[PDB]
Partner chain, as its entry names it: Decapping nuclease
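Here we start with a single chain on its own, the form solved without its partner chain, put down as structure tokens.
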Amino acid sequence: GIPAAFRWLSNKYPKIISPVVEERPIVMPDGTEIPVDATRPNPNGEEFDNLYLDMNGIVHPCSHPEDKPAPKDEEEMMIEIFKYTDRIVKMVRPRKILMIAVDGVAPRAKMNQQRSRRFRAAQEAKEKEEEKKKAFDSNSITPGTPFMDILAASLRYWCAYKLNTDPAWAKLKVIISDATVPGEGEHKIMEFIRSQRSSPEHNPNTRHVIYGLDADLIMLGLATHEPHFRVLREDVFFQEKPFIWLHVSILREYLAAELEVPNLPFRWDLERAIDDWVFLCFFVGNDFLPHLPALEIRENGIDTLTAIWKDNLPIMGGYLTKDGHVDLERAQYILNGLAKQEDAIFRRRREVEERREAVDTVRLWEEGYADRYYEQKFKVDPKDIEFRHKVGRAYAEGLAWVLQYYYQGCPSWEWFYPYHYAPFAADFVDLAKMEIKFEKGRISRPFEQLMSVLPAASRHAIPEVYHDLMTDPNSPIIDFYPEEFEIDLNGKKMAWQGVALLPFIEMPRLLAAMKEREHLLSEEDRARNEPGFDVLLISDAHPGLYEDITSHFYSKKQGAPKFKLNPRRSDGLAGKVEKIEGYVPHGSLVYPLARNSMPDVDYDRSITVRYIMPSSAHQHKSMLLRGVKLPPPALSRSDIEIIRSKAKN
């Protein structure tokens, strides 16, 4: 999540946005809506092969809508989720692949972010009920909760149902990675794209679409280096219910003109430049690192960085980034160049705030702000300078972590930046002497992840055997679950902005307390605490791939219960599939919810198998694959010269 990053990019680079042409259903005089024929050519001018759904962006608006009355129970929420997701698929009309990615158990660095936004939701709910002196807890949208089990069963039904009914899903391969499969929803998509890209049969001109509002999807869309890539998102700025595209192909054109440097001692490569730009944007903040005090998106902090990056690029000897790895020796140039401007940036910020008028105790525009900053925000010794360097090394370690996470997959499931504030650029010293080594670490179980991201007010979603650890004042880990906590606005104006001063979980303590109680879990709960897997769903009308899996798995002359996919028989899908035990195909598709508001299908035309992404030793390369054909340029010489003339300022 990068707040204000979208409002910034769309203002600076306007041509990356275009409206989504959505065909609407015809409504009968009797009221019956006639569904949209999604087999007809896509009215957006192009045909999209793959559509990836960051699914939690659909679950949140349909469960706690801010604009309409909230649904009456979970079943009506699933119905809205069906209607919303169907509307999206009727818009994109994917022709080959459709991935449903629900947030699974995430790395420790993301869990601390999830812990923050979930602790705040509990306090907002308490403060909005004390002002009124059981609703749906938004924190149920968390991996491993009872709510996610309802959602998993509902998406399995709805996909099989659409494979049966909608004639535009015949050749469509549906991949469902539910909340029992570890991995952040954005990065389960990102890892699937990397796996297909490394396939020898892969189409270099695949048209990708990813859905979600998380600004991380823009960065990841750039990190794939698949040119034919769009981001589908709701027109959040609709004040004066539609959707908009964000053309990563066009954003690449804007970054081409924004970053091009004449006369370099080394070869200029737009692909390697985009990587450095993505790396540079980590400094303005995201889910894993705080923004540096000098860098704010609303202050053109990205422009400050790209300026310093262009000034140092000839003398660096090369780029900052190569395929997800950082040359910290070169990154030293960037931070040295920002430290020289920190003093002046804070002053320019105060001069703006003084003209906006015509309490702050740090006073970044006054001499000695660094001693006040660590004294009041980090709440440490201002005289301890080595501590400041440590925070710098911690932040630099985090930059290397996020870059590998985005480009090659999570390098450490246990690492996390252990401070609530960022250091100054002046505090990054001797970065060339760092030797960063990441251990993959231990992935959390669903219940452990729950205890790591939920507050005590949401313990309903947690097995009762653990509740005493969150509420008993004599609990050995009660210091992890405060009922009240301070939120530092840090100069910002709104309450959703700012830092939540929550203690960081010492994970060995939490795991030790949960192990002492695990033998009391029910047999159904022990099974819920185990990792699931991805599944592929196709219809019996999918050419080749359906005939293949019925032969290997469900014929009379069955062979191995797992075989690799040939991308010529499947519609370009690479990887292995495994037979699901206890599953007989073509039975009766039964609607899982109680009120039977969706039909049972007596003969299920769909078939479900376990899907296994390909895993190659060849890393994800930041390059244009052989055989790619770039889209015709969207920017004009007028466009380019405007971006260049402004970039010189």
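Residue numbers count along the first chain shown, from 1.
The form deposited with its partner chain bound exists for this protein as well; it is not shown, and the discussion that follows is about that form.
Contact check for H60: no non-hydrogen atom falls within 4.5 Å of its partner chain in the bound PDB entry. The closest heavy atom approach of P167 to its partner chain in the bound PDB entry falls outside 4.5 Å.
Its partner chain in the bound PDB entry comes within 4.5 Å of no heavy atom belonging to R442. At a distance threshold of 4.5 angstroms between non-hydrogen atoms, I580 is out of contact with its partner chain in the bound PDB entry. Here is the short version: of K383, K515, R568, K433, the single residue with a heavy atom within 4.5 Å of its partner chain in the bound PDB entry is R568. This chain is displayed alone, yet in the bound PDB entry one of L593, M623, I612, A70 has a heavy atom within 4.5 Å of its partner chain; that residue is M623. Partner contact region in the bound PDB entry: 195-203, out of 290-298, 456-464, 488-496, 195-203, criterion any non-hydrogen atom within 4.5 Å of its partner chain.
Annotation for 260-283: interface residues with its partner chain in the bound PDB entry are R267, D269, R272 [heavy atom within 4.5 Å].
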